[PDB]
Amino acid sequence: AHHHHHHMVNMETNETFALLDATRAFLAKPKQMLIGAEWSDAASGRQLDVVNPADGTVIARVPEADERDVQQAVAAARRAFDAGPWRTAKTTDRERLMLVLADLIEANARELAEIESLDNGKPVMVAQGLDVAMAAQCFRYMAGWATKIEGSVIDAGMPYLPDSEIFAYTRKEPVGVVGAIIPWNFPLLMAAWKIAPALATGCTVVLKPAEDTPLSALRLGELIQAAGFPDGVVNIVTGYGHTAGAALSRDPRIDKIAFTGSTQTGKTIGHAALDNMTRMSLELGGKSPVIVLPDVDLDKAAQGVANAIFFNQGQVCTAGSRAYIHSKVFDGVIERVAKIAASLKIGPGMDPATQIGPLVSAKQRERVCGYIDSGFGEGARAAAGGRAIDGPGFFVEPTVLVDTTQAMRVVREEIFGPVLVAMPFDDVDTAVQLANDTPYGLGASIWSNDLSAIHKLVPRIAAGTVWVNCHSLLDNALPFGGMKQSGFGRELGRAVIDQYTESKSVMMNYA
């Protein structure tokens, strides 16, 4: 006889979870882009599907914008900056409107979390308590900068000019029109990170959400209108990176491009920007190390290592994807991390029991599993996990690989999924060499309670953010961004505000 195989899948007896009425209404109605004063379809009429990654089904459709639509959005943002009421708005007007928007996000937080969970796949509880809460706080925090942007008054020596009578100062002007392109891993939160500093400084914005996760950005557009922002201050265009995204990057009428994504796509974006002398901020790839010193509590360290990689299914630019653990405690820590990994509840994001959702798309599952297979092919072994899971969602097991070396693809390359590589080290100099042995430099963490060792180590790790006894932890007051091939520029804090302004020096001879 011939072998006959049946993959056990019952979508039919699969459990369902209640949604708010508002969430259902938003999903049911026709979706459009926000272009100037109008909600609009694409000129072509084309649309793209929005897929729930828990079950592979289509939940919505959004416009598929081409260059024509992007050019219209840019034209609107230009007009709003060059001539509308936004141009003459008081600092206090911008502050007020942003504060209203932060409250509106909070008032509609569960709905936004459900939309985000359905579209992106992440656990709804995490979307609500982290993503949506911090999106709101980002608008509130930046609102307060709107009234506090200060230039400098300079006492110029003018050493070559006798009896000089010079009055000299700097002004911080909005950079202008900002094109913002964001990834799919934190759709609402990343939208907030790009839009909020723009609004606070008096910029206008064309936002291109990721093709895989357009919905929360569209709902945020509704809240922006409800908050009272003038038309064209925020415009939102949906579509493919290779068409809509690229067109935004090449438009000579933007003044700044703000991009988060892969290093490869970031370079493409930057080369387009440069040809127009467009300013650029680039938050790019990572392969962030987690260094565990031998003085740690083993359970705390293991929970820390597990969280550092598996948070948001490893779909985090600063995911702690390489663990270097001192040889005195390596076996105990890794044994514990594997047990944690195998215990994580895998399921749909709308189930409150779920700790690990699906990946965002089939393409992402294909990439991630391809990396895992590559590791096996080079001699790595799985202490936990290792496959794709059957069924129509895009699920992958939390995976921990050991017996890896620095030469392997899984160690060198960003996987962007729930895959850890873990290796021992015998001394701190070696841990430093291993940790910096990457083209990237986005994040890193150190796990220890040893003051001397921590302070000797922090300066030696080439990363934009170094955490101690935590990882991928955010606050609106603390800037975030890359060194090395992880890009340049900073999100959040006072820093981002300065990066959405252009400094004008003024020097008056009043003699």
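The first residue of the sequence shown is number 1, and the count goes up from there.
Which has higher Cα B-factors on average according to the PDB entry: 110-118 or 349-357?
That would be 349-357.
Look over 260-268 and 130-138 in the entry and identify the one with the greater average Cα temperature factor.
Result: 260-268.
Which one of 229, 376, 324, 169 shows the top CA temperature factor in the record?
Max CA B-factor in the entry, restricted to 229, 376, 324, 169: 376.
Go through 153, 83, 77, 220 one by one and give the residue whose Cα B-factor in the PDB entry is largest.
Answer for 153, 83, 77, 220: 83, with the highest C-alpha B-factor.
Classify residue 164 as lowest, middle or highest third according to the C-alpha B-factor given in the PDB entry, relative to its own chain.
For residue 164, whose C-alpha B-factor we compare with every modelled residue in the chain, the answer is the highest third.
Where does the C-alpha B-factor of residue 467 rank in its chain, lowest, middle or highest third?
As the PDB entry reports it, the C-alpha B-factor of residue 467 lands in the lowest third of its chain.
What third of the chain, by the recorded C-alpha B-factor, contains residue 366?
It belongs to the highest third of the chain when residues are ordered by C-alpha B-factor.
Would you mind checking where the Cα B-factor of residue 450 ranks among the modelled residues of its chain, as the lowest, middle or highest third?
Middle third of the chain for residue 450's C-alpha B-factor.
Residue 17's Cα B-factor: lowest, middle or highest third of the chain?
CA B-factor rank for residue 17: highest third.
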